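> If it helps, the file is called protein.txt and holds compact mmCIF, N, CA, C and O atoms and all ligand atoms:
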```
# COMPACT_ATOMS: atom_id res chain seq x y z
N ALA U 1 10.52 -11.25 10.15
CA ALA U 1 10.82 -11.71 8.80
C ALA U 1 10.37 -13.15 8.60
O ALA U 1 9.81 -13.77 9.51
N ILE U 2 10.62 -13.69 7.41
CA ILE U 2 10.24 -15.06 7.10
C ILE U 2 11.15 -15.64 6.02
O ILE U 2 12.08 -14.99 5.55
N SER U 3 10.87 -16.88 5.63
CA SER U 3 11.66 -17.56 4.60
C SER U 3 10.98 -17.47 3.24
O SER U 3 9.96 -18.12 3.00
N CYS U 4 11.55 -16.67 2.35
CA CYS U 4 10.99 -16.49 1.01
C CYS U 4 10.74 -17.84 0.35
O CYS U 4 9.71 -18.05 -0.28
N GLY U 5 11.70 -18.76 0.50
CA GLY U 5 11.56 -20.07 -0.09
C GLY U 5 10.29 -20.78 0.35
O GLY U 5 9.76 -21.62 -0.37
N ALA U 6 9.81 -20.44 1.54
CA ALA U 6 8.60 -21.04 2.08
C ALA U 6 7.36 -20.31 1.58
O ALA U 6 6.25 -20.86 1.59
N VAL U 7 7.54 -19.07 1.16
CA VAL U 7 6.43 -18.26 0.66
C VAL U 7 5.91 -18.80 -0.67
O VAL U 7 4.71 -19.03 -0.84
N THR U 8 6.82 -18.99 -1.62
CA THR U 8 6.46 -19.49 -2.94
C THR U 8 6.17 -20.99 -2.89
O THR U 8 5.28 -21.48 -3.58
N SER U 9 6.93 -21.71 -2.07
CA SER U 9 6.75 -23.15 -1.93
C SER U 9 5.34 -23.48 -1.46
O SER U 9 4.71 -24.42 -1.95
N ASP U 10 4.85 -22.72 -0.49
CA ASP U 10 3.52 -22.93 0.06
C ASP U 10 2.46 -22.83 -1.04
O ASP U 10 1.36 -23.37 -0.91
N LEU U 11 2.80 -22.14 -2.12
CA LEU U 11 1.88 -21.98 -3.25
C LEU U 11 2.23 -22.94 -4.38
O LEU U 11 1.81 -22.74 -5.52
N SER U 12 2.99 -23.98 -4.06
CA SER U 12 3.40 -24.97 -5.05
C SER U 12 2.18 -25.56 -5.75
O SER U 12 2.02 -25.46 -6.96
N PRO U 13 1.29 -26.19 -4.96
CA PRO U 13 0.07 -26.82 -5.48
C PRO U 13 -0.94 -25.79 -5.96
O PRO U 13 -1.91 -26.13 -6.65
N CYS U 14 -0.72 -24.53 -5.59
CA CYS U 14 -1.62 -23.45 -5.99
C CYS U 14 -1.21 -22.86 -7.33
O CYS U 14 -2.04 -22.34 -8.08
N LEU U 15 0.08 -22.96 -7.64
CA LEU U 15 0.60 -22.44 -8.90
C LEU U 15 -0.30 -22.83 -10.07
O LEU U 15 -0.56 -22.02 -10.96
N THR U 16 -0.77 -24.07 -10.05
CA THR U 16 -1.65 -24.57 -11.11
C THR U 16 -2.87 -23.68 -11.27
O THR U 16 -3.05 -23.04 -12.31
N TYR U 17 -3.72 -23.65 -10.25
CA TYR U 17 -4.93 -22.84 -10.28
C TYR U 17 -4.60 -21.37 -10.46
O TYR U 17 -5.36 -20.61 -11.06
N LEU U 18 -3.45 -20.96 -9.94
CA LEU U 18 -3.01 -19.57 -10.04
C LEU U 18 -2.56 -19.25 -11.47
O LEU U 18 -2.59 -18.09 -11.89
N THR U 19 -2.15 -20.28 -12.20
CA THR U 19 -1.70 -20.10 -13.57
C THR U 19 -2.83 -20.35 -14.56
O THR U 19 -2.60 -20.71 -15.71
N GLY U 20 -4.07 -20.15 -14.10
CA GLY U 20 -5.22 -20.36 -14.96
C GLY U 20 -5.75 -21.78 -14.88
O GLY U 20 -6.80 -22.09 -15.45
N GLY U 21 -5.03 -22.64 -14.17
CA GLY U 21 -5.46 -24.02 -14.03
C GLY U 21 -6.70 -24.16 -13.17
O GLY U 21 -7.22 -23.19 -12.63
N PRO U 22 -7.20 -25.40 -13.04
CA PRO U 22 -8.39 -25.70 -12.24
C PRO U 22 -8.15 -25.53 -10.75
O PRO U 22 -7.04 -25.74 -10.26
N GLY U 23 -9.19 -25.15 -10.02
CA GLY U 23 -9.07 -24.96 -8.59
C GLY U 23 -10.00 -23.88 -8.06
O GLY U 23 -10.98 -23.50 -8.72
N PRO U 24 -9.71 -23.38 -6.86
CA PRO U 24 -8.55 -23.82 -6.07
C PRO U 24 -8.73 -25.24 -5.54
O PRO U 24 -9.71 -25.55 -4.87
N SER U 25 -7.76 -26.10 -5.84
CA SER U 25 -7.81 -27.49 -5.40
C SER U 25 -7.75 -27.57 -3.88
O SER U 25 -7.39 -26.62 -3.19
N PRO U 26 -8.11 -28.75 -3.34
CA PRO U 26 -8.11 -28.99 -1.89
C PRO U 26 -6.70 -29.04 -1.31
O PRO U 26 -6.48 -28.69 -0.15
N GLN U 27 -5.75 -29.49 -2.13
CA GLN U 27 -4.36 -29.59 -1.69
C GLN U 27 -3.70 -28.21 -1.67
O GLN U 27 -2.78 -27.97 -0.88
N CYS U 28 -4.17 -27.32 -2.53
CA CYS U 28 -3.62 -25.97 -2.60
C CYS U 28 -4.05 -25.14 -1.39
O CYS U 28 -3.22 -24.52 -0.73
N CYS U 29 -5.35 -25.14 -1.11
CA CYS U 29 -5.88 -24.39 0.02
C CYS U 29 -5.11 -24.70 1.30
O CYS U 29 -4.93 -23.84 2.16
N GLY U 30 -4.66 -25.95 1.42
CA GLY U 30 -3.91 -26.35 2.59
C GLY U 30 -2.70 -25.47 2.85
O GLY U 30 -2.43 -25.10 3.99
N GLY U 31 -1.98 -25.13 1.79
CA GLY U 31 -0.81 -24.29 1.92
C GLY U 31 -1.16 -22.83 2.14
O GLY U 31 -0.55 -22.15 2.97
N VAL U 32 -2.16 -22.35 1.40
CA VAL U 32 -2.59 -20.96 1.52
C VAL U 32 -2.86 -20.59 2.98
O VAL U 32 -2.45 -19.53 3.44
N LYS U 33 -3.55 -21.47 3.69
CA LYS U 33 -3.87 -21.24 5.09
C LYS U 33 -2.61 -21.21 5.94
O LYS U 33 -2.45 -20.35 6.81
N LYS U 34 -1.70 -22.15 5.69
CA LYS U 34 -0.45 -22.23 6.43
C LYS U 34 0.40 -20.99 6.18
O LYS U 34 1.05 -20.48 7.10
N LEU U 35 0.40 -20.50 4.95
CA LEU U 35 1.17 -19.32 4.59
C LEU U 35 0.63 -18.08 5.30
O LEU U 35 1.37 -17.36 5.96
N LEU U 36 -0.67 -17.84 5.15
CA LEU U 36 -1.31 -16.69 5.78
C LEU U 36 -1.27 -16.81 7.30
O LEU U 36 -1.14 -15.81 8.01
N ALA U 37 -1.39 -18.04 7.80
CA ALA U 37 -1.36 -18.28 9.23
C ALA U 37 0.00 -17.93 9.83
O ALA U 37 0.10 -17.64 11.02
N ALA U 38 1.03 -17.95 8.99
CA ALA U 38 2.38 -17.62 9.43
C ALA U 38 2.61 -16.11 9.44
O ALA U 38 3.27 -15.58 10.33
N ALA U 39 2.05 -15.43 8.44
CA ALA U 39 2.20 -13.99 8.33
C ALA U 39 1.30 -13.27 9.33
O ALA U 39 0.29 -12.67 8.96
N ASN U 40 1.68 -13.33 10.60
CA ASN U 40 0.91 -12.68 11.66
C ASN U 40 1.53 -11.35 12.05
O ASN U 40 0.91 -10.53 12.73
N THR U 41 2.78 -11.14 11.63
CA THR U 41 3.49 -9.90 11.94
C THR U 41 3.49 -8.96 10.74
O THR U 41 3.16 -9.35 9.63
N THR U 42 3.88 -7.71 10.99
CA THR U 42 3.93 -6.71 9.93
C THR U 42 5.02 -7.03 8.91
O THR U 42 4.78 -7.10 7.71
N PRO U 43 6.25 -7.23 9.41
CA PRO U 43 7.40 -7.55 8.56
C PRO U 43 7.31 -8.95 7.96
O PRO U 43 8.10 -9.32 7.09
N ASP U 44 6.34 -9.73 8.43
CA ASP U 44 6.14 -11.09 7.94
C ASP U 44 5.24 -11.09 6.71
O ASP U 44 5.46 -11.87 5.77
N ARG U 45 4.23 -10.23 6.71
CA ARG U 45 3.30 -10.14 5.60
C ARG U 45 3.93 -9.41 4.42
O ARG U 45 3.77 -9.81 3.27
N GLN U 46 4.65 -8.33 4.71
CA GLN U 46 5.31 -7.54 3.68
C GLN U 46 6.22 -8.42 2.82
O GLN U 46 6.15 -8.39 1.59
N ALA U 47 7.07 -9.20 3.48
CA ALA U 47 8.00 -10.08 2.78
C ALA U 47 7.24 -11.17 2.03
O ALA U 47 7.53 -11.45 0.86
N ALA U 48 6.28 -11.80 2.70
CA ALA U 48 5.49 -12.86 2.10
C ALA U 48 4.91 -12.42 0.76
O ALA U 48 5.12 -13.07 -0.26
N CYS U 49 4.19 -11.31 0.77
CA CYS U 49 3.58 -10.78 -0.45
C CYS U 49 4.64 -10.43 -1.48
O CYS U 49 4.64 -10.96 -2.59
N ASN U 50 5.55 -9.53 -1.11
CA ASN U 50 6.62 -9.11 -2.00
C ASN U 50 7.30 -10.32 -2.64
O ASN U 50 7.61 -10.31 -3.84
N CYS U 51 7.53 -11.35 -1.85
CA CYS U 51 8.17 -12.57 -2.34
C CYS U 51 7.41 -13.15 -3.52
O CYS U 51 7.99 -13.47 -4.56
N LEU U 52 6.09 -13.29 -3.35
CA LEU U 52 5.24 -13.83 -4.41
C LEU U 52 5.09 -12.84 -5.55
O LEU U 52 4.90 -13.22 -6.70
N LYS U 53 5.17 -11.55 -5.22
CA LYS U 53 5.05 -10.50 -6.22
C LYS U 53 6.19 -10.56 -7.23
O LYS U 53 5.98 -10.35 -8.43
N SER U 54 7.39 -10.86 -6.74
CA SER U 54 8.56 -10.95 -7.60
C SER U 54 8.54 -12.23 -8.42
O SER U 54 8.82 -12.23 -9.62
N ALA U 55 8.21 -13.34 -7.76
CA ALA U 55 8.15 -14.64 -8.43
C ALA U 55 7.00 -14.68 -9.43
O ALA U 55 6.95 -15.57 -10.28
N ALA U 56 6.09 -13.72 -9.33
CA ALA U 56 4.94 -13.65 -10.23
C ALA U 56 5.28 -12.86 -11.49
O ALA U 56 4.66 -13.04 -12.53
N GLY U 57 6.27 -11.98 -11.37
CA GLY U 57 6.67 -11.17 -12.51
C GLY U 57 7.35 -11.98 -13.59
O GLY U 57 7.37 -11.59 -14.76
N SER U 58 7.92 -13.12 -13.20
CA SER U 58 8.61 -13.99 -14.15
C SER U 58 7.65 -15.01 -14.75
O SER U 58 8.06 -15.90 -15.49
N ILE U 59 6.37 -14.87 -14.43
CA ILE U 59 5.35 -15.77 -14.94
C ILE U 59 4.50 -15.10 -16.01
O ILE U 59 4.09 -13.95 -15.86
N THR U 60 4.25 -15.83 -17.09
CA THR U 60 3.45 -15.30 -18.19
C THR U 60 2.02 -15.84 -18.15
O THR U 60 1.08 -15.19 -18.60
N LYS U 61 1.87 -17.04 -17.59
CA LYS U 61 0.55 -17.67 -17.48
C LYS U 61 -0.09 -17.35 -16.14
O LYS U 61 -1.06 -17.99 -15.74
N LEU U 62 0.46 -16.35 -15.45
CA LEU U 62 -0.07 -15.94 -14.15
C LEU U 62 -1.48 -15.37 -14.28
O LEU U 62 -1.70 -14.43 -15.03
N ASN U 63 -2.42 -15.96 -13.55
CA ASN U 63 -3.81 -15.51 -13.59
C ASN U 63 -4.16 -14.73 -12.32
O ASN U 63 -4.57 -15.31 -11.32
N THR U 64 -3.99 -13.41 -12.38
CA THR U 64 -4.29 -12.55 -11.24
C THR U 64 -5.70 -12.81 -10.71
O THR U 64 -5.98 -12.59 -9.53
N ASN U 65 -6.58 -13.27 -11.60
CA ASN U 65 -7.96 -13.56 -11.22
C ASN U 65 -8.03 -14.69 -10.21
O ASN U 65 -8.77 -14.63 -9.23
N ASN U 66 -7.23 -15.74 -10.44
CA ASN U 66 -7.20 -16.89 -9.55
C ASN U 66 -6.42 -16.57 -8.28
O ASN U 66 -6.59 -17.23 -7.26
N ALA U 67 -5.56 -15.56 -8.36
CA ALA U 67 -4.76 -15.15 -7.21
C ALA U 67 -5.60 -14.39 -6.19
O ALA U 67 -5.39 -14.52 -4.99
N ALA U 68 -6.55 -13.60 -6.68
CA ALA U 68 -7.43 -12.83 -5.81
C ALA U 68 -8.48 -13.71 -5.17
O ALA U 68 -8.81 -13.55 -3.99
N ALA U 69 -9.02 -14.65 -5.94
CA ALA U 69 -10.04 -15.56 -5.44
C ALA U 69 -9.41 -16.78 -4.76
O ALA U 69 -10.10 -17.58 -4.14
N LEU U 70 -8.09 -16.90 -4.89
CA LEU U 70 -7.36 -18.02 -4.29
C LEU U 70 -7.63 -18.10 -2.80
O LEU U 70 -8.13 -19.11 -2.28
N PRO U 71 -7.30 -17.02 -2.07
CA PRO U 71 -7.50 -16.94 -0.62
C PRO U 71 -8.98 -16.87 -0.24
O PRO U 71 -9.37 -17.27 0.85
N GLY U 72 -9.79 -16.35 -1.16
CA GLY U 72 -11.21 -16.23 -0.90
C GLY U 72 -11.93 -17.56 -0.96
O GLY U 72 -12.61 -17.95 -0.01
N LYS U 73 -11.77 -18.26 -2.08
CA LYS U 73 -12.41 -19.56 -2.26
C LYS U 73 -11.96 -20.54 -1.18
O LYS U 73 -12.64 -21.54 -0.91
N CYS U 74 -10.81 -20.26 -0.58
CA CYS U 74 -10.27 -21.12 0.47
C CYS U 74 -10.77 -20.68 1.85
O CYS U 74 -10.26 -21.13 2.87
N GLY U 75 -11.77 -19.81 1.86
CA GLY U 75 -12.32 -19.33 3.11
C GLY U 75 -11.27 -18.68 3.99
O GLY U 75 -10.88 -19.23 5.02
N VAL U 76 -10.81 -17.49 3.59
CA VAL U 76 -9.81 -16.77 4.35
C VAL U 76 -10.18 -15.30 4.50
O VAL U 76 -10.81 -14.71 3.62
N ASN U 77 -9.80 -14.71 5.63
CA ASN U 77 -10.10 -13.31 5.90
C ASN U 77 -9.17 -12.39 5.11
O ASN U 77 -7.97 -12.32 5.38
N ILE U 78 -9.73 -11.69 4.13
CA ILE U 78 -8.95 -10.78 3.30
C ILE U 78 -9.83 -9.68 2.72
O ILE U 78 -10.35 -9.79 1.61
N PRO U 79 -9.99 -8.58 3.48
CA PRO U 79 -10.80 -7.44 3.05
C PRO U 79 -10.16 -6.66 1.91
O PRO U 79 -10.76 -5.74 1.36
N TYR U 80 -8.94 -7.05 1.55
CA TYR U 80 -8.22 -6.39 0.47
C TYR U 80 -8.78 -6.79 -0.89
O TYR U 80 -9.23 -7.92 -1.08
N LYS U 81 -8.76 -5.85 -1.83
CA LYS U 81 -9.27 -6.10 -3.17
C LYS U 81 -8.25 -6.86 -4.01
O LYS U 81 -8.51 -7.19 -5.17
N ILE U 82 -7.10 -7.14 -3.42
CA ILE U 82 -6.04 -7.87 -4.11
C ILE U 82 -5.58 -7.12 -5.36
O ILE U 82 -6.24 -7.17 -6.40
N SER U 83 -4.46 -6.43 -5.25
CA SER U 83 -3.92 -5.67 -6.37
C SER U 83 -2.41 -5.88 -6.50
O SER U 83 -1.64 -5.48 -5.63
N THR U 84 -2.00 -6.52 -7.59
CA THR U 84 -0.59 -6.80 -7.83
C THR U 84 0.22 -5.50 -7.90
O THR U 84 1.44 -5.52 -7.76
N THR U 85 -0.48 -4.39 -8.11
CA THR U 85 0.18 -3.09 -8.19
C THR U 85 0.28 -2.44 -6.82
O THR U 85 0.89 -1.38 -6.67
N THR U 86 -0.32 -3.08 -5.82
CA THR U 86 -0.29 -2.56 -4.46
C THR U 86 1.06 -2.81 -3.80
O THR U 86 1.69 -3.84 -4.04
N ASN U 87 1.50 -1.87 -2.98
CA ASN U 87 2.77 -1.98 -2.28
C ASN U 87 2.61 -2.74 -0.97
O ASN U 87 2.19 -2.18 0.04
N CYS U 88 2.95 -4.03 -0.99
CA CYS U 88 2.85 -4.86 0.20
C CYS U 88 3.88 -4.45 1.25
O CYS U 88 3.86 -4.94 2.38
N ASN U 89 4.78 -3.56 0.86
CA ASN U 89 5.82 -3.08 1.77
C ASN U 89 5.26 -2.06 2.76
O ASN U 89 5.81 -1.86 3.84
N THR U 90 4.15 -1.43 2.38
CA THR U 90 3.51 -0.43 3.23
C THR U 90 2.29 -1.01 3.93
O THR U 90 1.29 -0.32 4.12
N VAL U 91 2.38 -2.28 4.31
CA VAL U 91 1.27 -2.95 4.99
C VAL U 91 1.65 -3.30 6.43
O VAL U 91 2.80 -3.59 6.73
N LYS U 92 0.66 -3.26 7.32
CA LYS U 92 0.88 -3.57 8.72
C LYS U 92 0.52 -5.02 9.02
O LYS U 92 0.32 -5.83 8.11
N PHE U 93 0.43 -5.35 10.31
CA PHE U 93 0.10 -6.71 10.72
C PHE U 93 -1.41 -6.87 10.91
O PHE U 93 -2.05 -5.96 11.44
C1 LIG S 101 0.08 -14.86 1.54
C2 LIG S 101 -0.09 -13.34 1.64
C3 LIG S 101 -1.18 -12.66 0.80
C4 LIG S 101 -0.92 -13.05 -0.65
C5 LIG S 101 -1.46 -11.86 -1.46
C6 LIG S 101 -2.00 -12.50 -2.74
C7 LIG S 101 -2.08 -11.44 -3.84
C8 LIG S 101 -0.93 -11.54 -4.84
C9 LIG S 101 -0.95 -12.90 -5.56
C10 LIG S 101 -0.20 -12.66 -6.87
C11 LIG S 101 0.50 -13.91 -7.41
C12 LIG S 101 1.81 -14.33 -6.75
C13 LIG S 101 2.10 -15.83 -6.81
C14 LIG S 101 2.81 -16.23 -8.11
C15 LIG S 101 2.99 -17.76 -8.03
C16 LIG S 101 4.38 -18.15 -7.54
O1 LIG S 101 5.00 -17.34 -6.87
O2 LIG S 101 4.92 -19.36 -7.89
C17 LIG S 101 6.19 -19.70 -7.31
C18 LIG S 101 7.18 -20.05 -8.42
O3 LIG S 101 6.93 -19.20 -9.55
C19 LIG S 101 8.59 -19.92 -7.84
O4 LIG S 101 8.95 -18.67 -7.27
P1 LIG S 101 10.53 -18.55 -6.98
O5 LIG S 101 10.89 -19.62 -6.04
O6 LIG S 101 10.60 -17.18 -6.42
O7 LIG S 101 11.20 -18.87 -8.42
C20 LIG S 101 11.42 -17.69 -9.20
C21 LIG S 101 12.01 -17.99 -10.58
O8 LIG S 101 12.41 -16.74 -11.13
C22 LIG S 101 10.85 -18.54 -11.43
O9 LIG S 101 11.33 -19.18 -12.62
```
Give the structure from the file, written as structure tokens.
Ligand SMILES: CCCCCCCCCCCCCCCC(=O)OC[C@@H](O)COP(=O)([O-])OC[C@H](O)CO

Amino acid sequence: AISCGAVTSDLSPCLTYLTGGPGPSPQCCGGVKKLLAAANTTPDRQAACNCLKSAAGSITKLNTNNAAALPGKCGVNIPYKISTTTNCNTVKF
């Protein structure tokens, strides 16, 4: 497992670019790597994603476009097509 508070917090500086703002900024990428670097386990990734998935539902300016390219533009391994409708609960490590 992991700390949900750390999941969304790590995307603090990313929220901007994720909300349609400019980016991904250099300060944002820093957290993205730390967040993904932590989710090395199965139960760690499921919670991490789900955590952001819920906190994203309460957002109206959420730009799914910046969310998918967020980890990509930051040079990160993610063969996933990034789908907010995807069940992160059925994901492995
Ligand atoms: C790291 C693992 C892979 C990530 C997969 C990425 C694909 C999904 C990305 C979809 C977008 C999710 C992120 C939304 C941005 C965000 O979560 O901001 C955090 C902020 O809204 C606070 O979240 P909270 O602490 O849960 O606060 C919730 C409160 O209801 C909001 O008013």
> Which residues sit within 7 Å of ligand LIG 101 (chain S), counting only C-alpha atoms and all ligand atoms, listed as a list in words?
residues 5, 8, 9, 11, 12, 15, 18, 32, 35, 36, 45, 48, 49, 51, 52, 53, 54, 55, 56, 58, 59, 62, 64, 67, 68, 82, 83 and 84 of chain U
> With N, CA, C and O atoms retained, write the just-selected residues as a CSV table (one decimal), in the frame of the given file.

```
chain,number,residue,atom,x,y,z
U,5,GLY,N,11.7,-18.8,0.5
U,5,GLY,CA,11.6,-20.1,-0.1
U,5,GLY,C,10.3,-20.8,0.4
U,5,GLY,O,9.8,-21.6,-0.4
U,8,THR,N,6.8,-19.0,-1.6
U,8,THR,CA,6.5,-19.5,-2.9
U,8,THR,C,6.2,-21.0,-2.9
U,8,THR,O,5.3,-21.5,-3.6
U,9,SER,N,6.9,-21.7,-2.1
U,9,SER,CA,6.8,-23.2,-1.9
U,9,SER,C,5.3,-23.5,-1.5
U,9,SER,O,4.7,-24.4,-2.0
U,11,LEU,N,2.8,-22.1,-2.1
U,11,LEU,CA,1.9,-22.0,-3.2
U,11,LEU,C,2.2,-22.9,-4.4
U,11,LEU,O,1.8,-22.7,-5.5
U,12,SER,N,3.0,-24.0,-4.1
U,12,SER,CA,3.4,-25.0,-5.0
U,12,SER,C,2.2,-25.6,-5.8
U,12,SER,O,2.0,-25.5,-7.0
U,15,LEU,N,0.1,-23.0,-7.6
U,15,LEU,CA,0.6,-22.4,-8.9
U,15,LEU,C,-0.3,-22.8,-10.1
U,15,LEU,O,-0.6,-22.0,-11.0
U,18,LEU,N,-3.4,-21.0,-9.9
U,18,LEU,CA,-3.0,-19.6,-10.0
U,18,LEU,C,-2.6,-19.2,-11.5
U,18,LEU,O,-2.6,-18.1,-11.9
U,32,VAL,N,-2.2,-22.4,1.4
U,32,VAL,CA,-2.6,-21.0,1.5
U,32,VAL,C,-2.9,-20.6,3.0
U,32,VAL,O,-2.4,-19.5,3.4
U,35,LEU,N,0.4,-20.5,5.0
U,35,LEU,CA,1.2,-19.3,4.6
U,35,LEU,C,0.6,-18.1,5.3
U,35,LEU,O,1.4,-17.4,6.0
U,36,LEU,N,-0.7,-17.8,5.2
U,36,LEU,CA,-1.3,-16.7,5.8
U,36,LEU,C,-1.3,-16.8,7.3
U,36,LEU,O,-1.1,-15.8,8.0
U,45,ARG,N,4.2,-10.2,6.7
U,45,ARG,CA,3.3,-10.1,5.6
U,45,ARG,C,3.9,-9.4,4.4
U,45,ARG,O,3.8,-9.8,3.3
U,48,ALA,N,6.3,-11.8,2.7
U,48,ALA,CA,5.5,-12.9,2.1
U,48,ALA,C,4.9,-12.4,0.8
U,48,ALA,O,5.1,-13.1,-0.3
U,49,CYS,N,4.2,-11.3,0.8
U,49,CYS,CA,3.6,-10.8,-0.4
U,49,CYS,C,4.6,-10.4,-1.5
U,49,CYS,O,4.6,-11.0,-2.6
U,51,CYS,N,7.5,-11.4,-1.8
U,51,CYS,CA,8.2,-12.6,-2.3
U,51,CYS,C,7.4,-13.2,-3.5
U,51,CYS,O,8.0,-13.5,-4.6
U,52,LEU,N,6.1,-13.3,-3.4
U,52,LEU,CA,5.2,-13.8,-4.4
U,52,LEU,C,5.1,-12.8,-5.6
U,52,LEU,O,4.9,-13.2,-6.7
U,53,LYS,N,5.2,-11.6,-5.2
U,53,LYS,CA,5.0,-10.5,-6.2
U,53,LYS,C,6.2,-10.6,-7.2
U,53,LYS,O,6.0,-10.4,-8.4
U,54,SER,N,7.4,-10.9,-6.7
U,54,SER,CA,8.6,-11.0,-7.6
U,54,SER,C,8.5,-12.2,-8.4
U,54,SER,O,8.8,-12.2,-9.6
U,55,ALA,N,8.2,-13.3,-7.8
U,55,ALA,CA,8.2,-14.6,-8.4
U,55,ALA,C,7.0,-14.7,-9.4
U,55,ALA,O,7.0,-15.6,-10.3
U,56,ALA,N,6.1,-13.7,-9.3
U,56,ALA,CA,4.9,-13.6,-10.2
U,56,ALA,C,5.3,-12.9,-11.5
U,56,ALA,O,4.7,-13.0,-12.5
U,58,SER,N,7.9,-13.1,-13.2
U,58,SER,CA,8.6,-14.0,-14.2
U,58,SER,C,7.6,-15.0,-14.8
U,58,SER,O,8.1,-15.9,-15.5
U,59,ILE,N,6.4,-14.9,-14.4
U,59,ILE,CA,5.4,-15.8,-14.9
U,59,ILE,C,4.5,-15.1,-16.0
U,59,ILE,O,4.1,-14.0,-15.9
U,62,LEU,N,0.5,-16.4,-15.4
U,62,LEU,CA,-0.1,-15.9,-14.2
U,62,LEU,C,-1.5,-15.4,-14.3
U,62,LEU,O,-1.7,-14.4,-15.0
U,64,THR,N,-4.0,-13.4,-12.4
U,64,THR,CA,-4.3,-12.6,-11.2
U,64,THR,C,-5.7,-12.8,-10.7
U,64,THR,O,-6.0,-12.6,-9.5
U,67,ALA,N,-5.6,-15.6,-8.4
U,67,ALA,CA,-4.8,-15.2,-7.2
U,67,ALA,C,-5.6,-14.4,-6.2
U,67,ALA,O,-5.4,-14.5,-5.0
U,68,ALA,N,-6.6,-13.6,-6.7
U,68,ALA,CA,-7.4,-12.8,-5.8
U,68,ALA,C,-8.5,-13.7,-5.2
U,68,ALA,O,-8.8,-13.6,-4.0
U,82,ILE,N,-7.1,-7.1,-3.4
U,82,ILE,CA,-6.0,-7.9,-4.1
U,82,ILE,C,-5.6,-7.1,-5.4
U,82,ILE,O,-6.2,-7.2,-6.4
U,83,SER,N,-4.5,-6.4,-5.2
U,83,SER,CA,-3.9,-5.7,-6.4
U,83,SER,C,-2.4,-5.9,-6.5
U,83,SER,O,-1.6,-5.5,-5.6
U,84,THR,N,-2.0,-6.5,-7.6
U,84,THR,CA,-0.6,-6.8,-7.8
U,84,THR,C,0.2,-5.5,-7.9
U,84,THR,O,1.4,-5.5,-7.8
```
> So which residues touch residue 65 (chain U) within 8 Å, counting only N, CA, C and O atoms, skipping near sequence neighbours fewer than 6 positions away, as a ChimeraX atom specification?
/U:17-18,20,71
> So which one's closest to residue 72 (chain U), U:6, U:29, U:91, U:1? Using only C-alpha atoms, please.
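When distances to residue 72 (chain U) are compared using only C-alpha atoms, the smallest one comes from U:29.
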> What gap, in Å, lies between atom O of residue 88 (chain U) and atom O of residue 43 (chain U)?
7.7 Å
> Quick one: of U:61, U:81, U:47, U:10, who's nearest to residue 28 (chain U), counting all atoms listed in the file?
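Looking only at the distances to residue 28 (chain U), the closest residue turns out to be U:10.
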> What are the DSSP alpha helix (DSSP H) residues of chain U, as a count of residues only?
50
